[PDB]
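Some notes on the structure that comes next.
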Amino acid sequence: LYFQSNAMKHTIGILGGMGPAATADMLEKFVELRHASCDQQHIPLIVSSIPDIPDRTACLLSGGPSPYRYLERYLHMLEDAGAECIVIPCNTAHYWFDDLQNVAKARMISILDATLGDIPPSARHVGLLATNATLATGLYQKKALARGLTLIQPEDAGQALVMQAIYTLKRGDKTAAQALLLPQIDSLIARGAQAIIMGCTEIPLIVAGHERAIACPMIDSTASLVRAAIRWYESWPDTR
Amino acid sequence: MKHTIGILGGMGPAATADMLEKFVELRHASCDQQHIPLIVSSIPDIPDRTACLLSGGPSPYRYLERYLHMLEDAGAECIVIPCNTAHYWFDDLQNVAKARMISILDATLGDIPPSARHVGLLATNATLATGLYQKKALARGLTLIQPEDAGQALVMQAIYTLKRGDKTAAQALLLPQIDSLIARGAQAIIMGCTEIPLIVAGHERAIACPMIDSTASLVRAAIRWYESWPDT
Ligand SMILES: [Cl-]
Ligand SMILES: [Cl-]
Ligand SMILES: [Cl-]
């Protein structure tokens, strides 16, 4: 008879598709990170995985077509579907975060803030694995400075390989991607990184299974955003 | 006109995340932008399907109907359901749906090798009890082998252990049941509950016979539908 609307349900939209693998990984983490006795106790989620959004690095570094209009469209799709909170499992796309937040009715939670908060306070010197555009536009720079953090970026030659790893994953070869990425991780560690931000939502997929062999904590930006979204969801009177 | 696929999910949420992964894995794409457009409803509050069917619990239908329309209104032109048990309501939804719907049952039977006549079935009690696969298998010339009652209780227990979050526990329960089916002559085993592939993951090669993944079967069928238009 009576159905509770998704808005009243505190439904969370995921504005994804950058890329699709990263979005599927976030969904997987919403299940893992939420305490639930059964199906019915899991978080209500609506997902946009609509990958036609233009490449973020091409736009930012090369003046390629901007993703922004697509972001706005699918954000509105989610809102109309009942999302009361929106999360974007793409670091690079947070270039547009403030712009989107201007047009959003829903609450929006930054992957950047969530990720930084999940770094141990004691880690002062922190590696950053991210797309070229995320580094170039300094998305993490401002915030890291506020927390008194020193980011260690790979050198130009290394970053080229990190970028290659990211796109090999986006292209669907994890094994190859790993072969590319692992040495760069060791380089950052060799350079004194006390932790490494996985600052591209493809990186956790590449690292998965090898973390136990990595000599410092990896901070997972996707997981960080999920945890932050769960906390939002669970702060409601009908949630707790 | 983008041929967007809606996923009416959330039963349960792990099976839905699993379907998304397979969409990525099963679609040839040179880059993000060549992957399938997907809108996903994972809104798990849908009432337990088995409890309704077997135990007289609340009916999931009006929920399914609601999220169906939600997906259509977001622009999904084709809808898929990564729950076998939910297909008790498939025809009903299909009758209210403007978007195209693709049945997990047909897709899954279609992916069984022709040479496999005697096929094991791992599924929920409601899926077995309501005979979702039986009339369809019969028409194809298939003979379904299901676990004996004691074994089925353990299968059901494995499924709910996975939904509850322990994969390791679920495996300990499920694995012997798979071995039992093989001992009884199964030429292939349908994983007929969408949590099964998740439990079986990593042990597949350790299993003698082929396992037919209902989730994967649905994704492939959806991809085919997507790639079937003049502009795609
Ligand atoms: Cl990213
Ligand atoms: Cl790509
Ligand atoms: Cl199922």
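Structure summary
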| read-out | value |
| --- | --- |
| The protein assembly as shown shape via C-alpha gyration tensor axes, a/c threshold 1.5 | prolate |
| Radius 14 Å from Cβ of residue B:136, net charge of other residues (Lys, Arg +1; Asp, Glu -1) | -1 |
| Residue order, fewest to most beta carbons within 10 Å, for B:115, A:49 | B:115, A:49 |
| Rounded to whole Hz, the Karplus (6.51, -1.76, 1.60) HN-Hα couplings of segment B:201-215, x for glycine and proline | 3, x, 9, 3, 5, 6, 9, 4, 8, x, 10, 9, 8, 5, 4 |
| Gain in span if fully extended, residue A:147 to residue A:182, counting 0.36 nm per residue against the direct Cα distance | 9.9 nm |
| Under 5 Å, built H, 5+ apart or other chain: amide partners of residue A:52 | none |
| Loop sites in segment B:33-90: GluC sites (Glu not before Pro), DSSP, at most 14 other Cβ within 10 Å | none |
| Segment B:156-165 - phi-based ³J(HN,Hα) in whole Hz, Karplus 6.51/-1.76/1.60, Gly and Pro as x | 4, 4, 4, 4, 7, 5, 4, 4, 8, x |
| GluC sites (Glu not before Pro) within segment B:135-220, DSSP loop, no more than 13 other Cβ atoms inside 10 Å | B:148 |
| Full-extension gain in nm, residue A:62 to residue A:98, via 0.36 nm per residue minus C-alpha separation | 10.8 nm |
| Length-normalised contact order for segment B:106-214 - Cα pairs under 8 Å, 6+ apart - percent | 34 percent |
| Average beta-carbon neighbours from other chains, 10 Å sphere, peptide B:73-85 | 1 |
| Unsatisfied cross-links (Cα-Cα over 19 Å) in the set A:9/A:105; B:22/B:98; A:174/B:22; A:170/B:22 | B:22/B:98 |
| Proxy reagent accessibility, fewest Cβ within 10 Å first, across B:103, A:37 | A:37, B:103 |
| Neighbour-limited loop hits for trypsin sites (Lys or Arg not before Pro), segment B:87-126 (at most 12 other Cβ within 10 Å; DSSP other than H, G, I, E, B) | B:98 |
| Neighbour-count order for B:214, A:235, fewest beta carbons within 10 angstrom listed first | A:235, B:214 |
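Rule-based calculations on the coordinates, nothing more; no lab input. Note: ideal-geometry Cβ built from the backbone for every residue, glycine included; neighbour counts use all protein chains shown.
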